[PDB]
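S.K.:
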RNA sequence: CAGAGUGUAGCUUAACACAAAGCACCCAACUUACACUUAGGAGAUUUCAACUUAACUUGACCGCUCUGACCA
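Residue numbers (the deposited numbering), protein chains in the order written: chain f, 48 to 65, 81 to 212; chain 6, 27 to 163; chain m, 34 to 84; chain e, 42 to 101, 112 to 279; chain P, 61 to 180; chain 8, 95 to 196.
1. Taking residue 146 (chain f) and residue 133 (chain f) to be in contact with their CB atoms under 8 Å, please state how far apart those CB atoms are, rounded to whole angstroms.
2. Quick one: using the 10 Å Cβ neighbour count with 16 as the cut-off for buried, is residue 172 (chain f) buried or exposed?
3. Grouping DSSP H, G and I as helix and E and B as strand, with all else coil, what is residue 64 (chain m)?
4. Would you list the one or two residues that DSSP bridges to residue 136 (chain f)?
5. Would you mind working out which of 119 (chain P), 137 (chain P), 133 (chain P) sits nearest residue 110 (chain P), comparing C-alpha positions?
6. Name the chain P residues whose beta carbon is nearer than 8 Å to that of residue 130 (chain 6)?
7. Using a Cβ cut-off of 9 Å (strictly closer), state whether residue 102 (chain 8) contacts chain m.
8. Using a Cβ cut-off of 9 Å (strictly closer), state whether residue 135 (chain e) contacts chain m.
9. Under 9 Å, Cβ to Cβ, is there at least one residue of chain f near residue 164 (chain 8)?
10. Exposed or buried, which one is residue 64 (chain 6) when buried takes at least 16 other CB atoms within 10 Å?
11. If we define contact as Cβ-Cβ less than 9 Å, is residue 116 (chain f) a contact residue for chain 6?
12. Please classify residue 108 (chain 8) as buried or exposed, where buried requires at least 16 other C-beta atoms within 10 Å of its C-beta.
13. Taking the C-alpha atoms as reference points, what is the distance between residue 210 (chain e) and residue 195 (chain f)?
14. One question on the structure: do residue 63 (chain e) and residue 36 (chain m) come within less than 9 Å of each other, judged by their Cβ atoms?
15. Where does residue 35 (chain 6) land, buried or exposed, given buried means 16+ other C-beta within 10 angstroms?
16. Hey, is residue 67 (chain e) close to the ligand FMN, as in C-beta under 8 Å from one of its heavy atoms?
17. Quick one: complete alpha helix (DSSP H) runs, 4+ long, within the stretch 64-127 of chain P?
18. If we require 4 or more residues per run, which alpha helix (DSSP H) segments fall completely within the stretch 113-158 of chain 6?
19. Output, in chain order, the set of chain P residues within a Cβ distance shorter than 9 Å of residue 142 (chain 6).
20. Tell me the DSSP secondary structure of residue 89 (chain e) in three-state form.
21. Using 8 Å for Cβ pairs, my map puts residue 231 (chain e) next to residue 48 (chain e). What's the rounded Cβ distance?
22. Give the range of the alpha helix (DSSP H) segment to which residue 124 (chain e) is assigned.
23. Give me, in chain order, the residues of the same chain whose beta-carbon lies closer than 8 Å to that of residue 97 (chain P); leave out the 5 immediate sequence neighbours on both sides.
24. Check the Cβ of residue 105 (chain f) against every Cβ in chain m and list those closer than 8 Å, keeping chain order.
25. Thinking residue 150 (chain 8) and residue 157 (chain 8) are a contact (beta carbons under 8 Å), I'd like their distance in whole angstroms, please.
26. Which chain m residues sit within Cβ distance under 9 Å of residue 191 (chain 8)?
27. How should residue 206 (chain f) be labelled, buried or exposed, when 16 other C-beta atoms within 10 angstroms of its C-beta is the threshold for buried?
28. Run through chain 8 and tell me which residues come within less than 7 Å of residue 167 (chain f), C-beta to C-beta.
29. What three-state label does DSSP hand residue 214 (chain e) in the structure shown?
30. Mapping the DSSP letters down to three states, classify residue 56 (chain m) as helix, strand or coil.
31. Out of 196 (chain 8), 99 (chain 8), 117 (chain 8), 130 (chain 8), which has the shortest C-alpha to C-alpha gap to residue 127 (chain f)?
32. Assuming the contact rule is C-beta atoms closer than 8 Å, residue 68 (chain m) and residue 52 (chain m) should be a hit. Round their C-beta distance to whole Å, please.
33. Distance, Cα to Cα, residue 73 (chain m) vs residue 105 (chain 8)?
34. Which residues of the stretch 115-140 of chain f have a Cβ closer than 7 Å to any Cβ of chain m? Give them in chain order.
35. My guess is that residue 46 (chain e) and residue 226 (chain e) are in contact by the Cβ rule of under 8 Å, so how many angstroms apart are they, rounded?
36. Is the CB-CB distance between residue 104 (chain P) and residue 129 (chain P) below 9 Å?
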């Protein structure tokens, strides 16, 4: 009851949660893991994903890039026509992270590059300017947005 | 009209500023264990234990039993650790435990139980039947 | 370490068998990848377009 | 001013070029992972090709057999010679060439003379007003003797500090000691010239880093330098 | 004829029982408790005691869980407890360690369901 | 979805299962050492970097205010993947054509 | 180099004795991955003594940390 000293004991909404890059912390980072082998790209992405969690580093999203198939042609023996030799598939995994300190950037990059497996290229890019953050929303999340607007 | 609380609030220690960098329970079992711990602590507000819990006197119950036996803990621990290592040394015990076919002898366990913690369990069990309450008040 | 998270297997219920092959690059370097056929090595040629 | 001199130190490192060899325990797991992968996989085009050919031969229009095609692949692999993971510099123990120890990282050490005595320290230069502390470490590369290298600096914050005092000989109120700030960077490409190699600079791993550095100076370096 | 604490329909677990089997398994040890509704513990069986530890290769595997039930069931018969309720979670019930613990209690002579109260 | 490409499933011997089970338990400890070494390695860099900033702040706050600032030139950052064998100084790959299918 | 300070595996004001505990941590399975869950694994009192219980108290023995000596 409001007049009782135990008023507000059942409150729970303040314990529940309802990008710009500052000069001291990086806003949004995308870690690209491009390799011809799909197992290593998925494994390293999992390796990085668990690494960030133990370091209290927020992971926005972990997804995959569309596969790029490249046909490999080789010149025929003593000829001019290209003959099909092999097929190479490009597999890329992207792990999105946010909330990285500028000083910690040197520490994080050195650990991952040392752990980088053979044949797996490591690319980290600032894509916060791209935006295009179109995500499907649920009803409870959508309903509260209208209440703020109304 | 408002009245200040008579004591600390339940969730007063939680920091609302850095809500994003706070570890979550993430599971029902983790919240359940923490919830029971707070339920066993006294509170300044009315609780279920106040009306249904068995009333007890602040004076701790006096002990009229024999003096406890004197045992050297340091010597006991050295032999206990050594025995486990030999038990784990056997490759058959590990395979039996991994295949989920191992079992312990019931007679041997009770023999050591009655010597180490058997008297302690009996005191708690006798208290449930109210033998200490009736015989020795 | 390069071997910190390199040792892994196909974590899928259904997939095709793969064999360890060497992908010889355009500079002679090789990387271990898994191919459908048990080929002993694979060599990447140089494209005439990028010439 | 201040009675402590400012020196911008540089910690240049060479990333490994080749993957580190697997441990014996890693070999056991590596074989198992491939073995489990085979037993839980479906038939491939080459496996189905081999099975079909055997049945056709058993009953009795493919010119090339699946097994025969495998033999041709193995012939080409044997003719091609792979690169040497262990270079001649390892046998020569020439700690000046970047080609040695491709599996392990290398840290640059340069020999400098102070107080009529040669001391092995990281490359460093004195800080100047109107210049960032990181920029002083960058300037060290230009002062190097006949170097053509491109280095990638990671961040601007220093990775360590070492403080020493003069042995009561050069100690003064205006000049009491020095405080060096270390900056780590990655050596992308290039190498020094062939003019001076032995006495000028050496490239050593962390394990053999104590030979050149002093025990007190070694303690600060082993903190920001990994061995992964 | 003793009344059970009916209610608590919106919370878990229930309170409508006389005795309850509560199993606590930690990172290193597994413990089972038989306690009255008022909170008093009747009998207990844990892997922390040397009596059970001296015969167990590991105190945190399925074998340890199964061995606790066989010893606990023996102690319940000596104590006189034959009926008790068990209130597991959906994931605990599906676990193989809890199924063998329940099997030991049933094979030990203890029934995992109390008889209904007699109102008339 | 075709069932003709499925392979027969050979039963595993008791000893083969015995080896795999024990190897997966030895893999639980080897990976724990790799994480332990990585965990302490990160700790060494973090404590040394923070302590160096504390030393730098006292000497000159102007240099301390610049060290913690972000570096736009750092990103995009690319690291080339290692290779099992070093590149050949004199290697001429054959001629060919590359076609991409998306 | 002494000067003080300091002592359980990662943490803890866990440790009355019945006893070295709780949490964190690592693998496999599930999951794109994370998380949850299941099935598993590695673990500790610095070392000796003190009428004895002494992880606890009294001493050193041992390492660590801190301030100067030392120092390019």
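From the three backbone atoms N, C-alpha and C, an ideal C-beta is built for every residue, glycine too.
M.R.: Taking the geometry as given:
1. Taking C-beta atoms under 8 Å as the contact rule, residue 146 (chain f) and residue 133 (chain f) qualify, at a distance of about 7 Å.
2. Its Cβ being crowded by 16 or more others within 10 Å, residue 172 (chain f) is buried.
3. DSSP places residue 64 (chain m) in strand when its eight states are reduced to three.
4. The partner list for residue 136 (chain f) (beta bridge, DSSP) reads 145 (chain f).
5. 119 (chain P)
6. Annotation: Cβ neighbours of residue 130 (chain 6) in chain P (cutoff 8 Å, chain order): 112, 115, 116, 127, 130, 131.
7. no
8. Cβ-Cβ to chain m under 9 Å: no for residue 135 (chain e).
9. yes
10. exposed
11. no
12. Exposed is the label assigned to residue 108 (chain 8), since fewer than 16 other Cβ atoms lie within 10 Å of its Cβ.
13. Residue 210 (chain e) and residue 195 (chain f) have their alpha carbons spaced roughly 36 Å apart.
14. The Cβ-Cβ distance between residue 63 (chain e) and residue 36 (chain m) falls below 9 Å.
15. exposed
16. For the ligand FMN, the structure offers nothing, since it holds no ligand at all.
17. Scanning the stretch 64-127 of chain P from its first residue to its last, the whole alpha helix (DSSP H) runs of 4-plus residues come out as 110-113.
18. Complete alpha helix (DSSP H) runs here, min 4: 117-124, 132-142, 144-154.
19. Those are 109, 110, 111, listed as they occur along chain P.
20. helix
21. 5 Å
22. Following the DSSP letters along the chain, one finds residue 124 (chain e) inside the alpha helix (DSSP H) bounded by residues 117-130.
23. 64, 65, 75, 77, 78, 79, 80
24. Correct list: 38, 39, 41.
25. 6 Å
26. 78, 80, 81, 82
27. exposed
28. Here the neighbours are 168.
29. strand
30. Three-state result, residue 56 (chain m): strand.
31. Looking at the Cα atoms, 196 (chain 8) is the closest of the given residues.
32. 6 Å
33. Between residue 73 (chain m) and residue 105 (chain 8), the C-alpha separation is close to 29 Å.
34. Residues of the stretch 115-140 of chain f whose Cβ lies closer than 7 Å to any Cβ of chain m, in chain order: 134, 136.
35. 7 Å
36. no
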